[PDB]
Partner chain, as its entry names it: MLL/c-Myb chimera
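The form solved without the partner chain is given below as one chain in structure tokens.
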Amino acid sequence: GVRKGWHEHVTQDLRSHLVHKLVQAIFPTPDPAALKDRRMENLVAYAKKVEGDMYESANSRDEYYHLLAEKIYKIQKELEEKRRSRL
């Protein structure tokens, strides 16, 4: 980046990797049918939505990783916690 280099401190792979990780956190088992299912796609789009929201705060390396990771742990806790009340 000569004069245009905002995103440089983050690679595309980082974002896509984390976004898939976010999706994977929500649903780890890669089902070949569900993979081609719209409902999963909505969730994947939701993960990108998260990426968009984070980006403003994410104006620093540590912030960016922490934002995504923290939410993932939150999400994982939610599932286990609520399922505790099953039956």
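Residue numbers count along the first chain shown, from 1.
The discussion below concerns the form deposited with the partner chain bound, not included here.
A.B. asks: Though only this chain appears here, would residue 10 touch the partner chain in the deposited bound form if you measure heavy atom gaps against 4.5 Å?
C.D. replies: Heavy-atom contact with the partner chain at 4.5 Å: absent for residue 10.
A.B. asks: Answer yes if any heavy atom of residue 32 is within 4.5 Å of a heavy atom of the partner chain in the deposited bound form; otherwise answer no.
C.D. replies: It does not: once the partner chain is placed as it appears in the deposited bound form, residue 32 has no heavy atom within 4.5 Å of it.
A.B. asks: With a 4.5 Å heavy atom cut-off, would you call residue 84 a contact of the partner chain in the deposited bound form?
C.D. replies: The answer is yes: residue 84 has a heavy atom within 4.5 Å of the partner chain.
A.B. asks: Where, within 16-31, is there a heavy atom within 4.5 Å of the partner chain in the deposited bound form? Residue list please.
C.D. replies: 18, 21, 24, 25, 28, 29 sit within 4.5 Å of the partner.
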